[PDB]
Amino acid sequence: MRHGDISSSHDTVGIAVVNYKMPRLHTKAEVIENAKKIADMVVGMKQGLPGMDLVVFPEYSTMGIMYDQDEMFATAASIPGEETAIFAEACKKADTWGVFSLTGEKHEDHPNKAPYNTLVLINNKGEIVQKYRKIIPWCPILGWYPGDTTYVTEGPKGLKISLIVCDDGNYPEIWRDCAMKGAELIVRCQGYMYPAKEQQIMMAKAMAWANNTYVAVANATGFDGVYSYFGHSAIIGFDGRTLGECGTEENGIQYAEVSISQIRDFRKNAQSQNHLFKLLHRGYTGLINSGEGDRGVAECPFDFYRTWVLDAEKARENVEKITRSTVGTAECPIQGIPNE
């Protein structure tokens, strides 16, 4: 957990994040060309960052956003496939792990159902060791089929990694779920468009703190014909302090070293802000002093979560009374999104 150098040691994972300029592409050949540019960039960066162990690219960095449905279908990737092979070679050549974005990944029922929005973690042997499908797509504008599982993967030097995508990060639950599965680094890849710049910068930090986890964010930059992406890729410590943060500049890079031993020393020995421990041992001091044993309380005291787990339709109905009952709103209509 330290910032400023280009090295990495047996104790630290050198993480690089990339403010990748958002492509505006249309064909499979253009996607492949751009995959190769990413691969070239990984290899170049390694030559400047000898400590680099993990390189992180934004959501949509390979295809851009395929606004046109037909082009979306025609360019949706297989995984493994030609794109991931192009990425795998660069990971082997540069002896790094990497996180890359396939938007879309073909649905099992392609081309008759929406593609997934997907991330892969590829190791320094070029092997895909985690494939994560975005659980909370950025509706209404974006049309990806929602995934349903988070994953934790042993990463470089043993650092436990989970991947999440863009809009997922707005939802504290996902960051909780990954940390509770053991994640030591949550990697958030995004093509996060203006407007919500300060809010997204703040959310990553707050999640790092709340879940006692390293966080790495790679966000796209530039204007792509529709949206302007605000960069601010960053790596953040498990104590909520930024290591390094990019600005809005195209193809900015940040790089930081995250200590394996520091996060484990902290999860073991921290007390007042050992949030993962504390949430499931509530009021331990009190129960000890009241003669009720020394574990505190584990029971979930939040009816929202009880209800969502036992009766998701009721949780939904509940929320619709607070918000609205249709996915669309007649005051701001959007074609193909129903309202009224």
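The first residue of the shown sequence is 1; numbering continues from there.
In this entry, the higher average B-factor at the C-alpha atoms falls on 104-112, of the pair 104-112 and 245-253. Higher average CA B factor: 71-79, of the stretches 183-191 and 71-79. For the set 133, 157, 205, 92, the maximum C-alpha B-factor listed in the entry falls on 92. For the set 51, 44, 58, 296, the PDB entry puts the maximum C-alpha B factor at 296. The deposited CA B-factor of residue 146 belongs to the highest third of values across its chain. Among the modelled residues of its chain, residue 197 has a C-alpha B-factor that falls in the middle third according to the deposited record. In this PDB entry, residue 260 carries a Cα temperature factor that places it within the middle third of its chain's modelled residues. Ranked by C-alpha B-factor against the other modelled residues of its chain, residue 26 falls in the highest third.
Looking at the C-alpha B-factors along this chain, the one for residue 306 belongs to the highest third.
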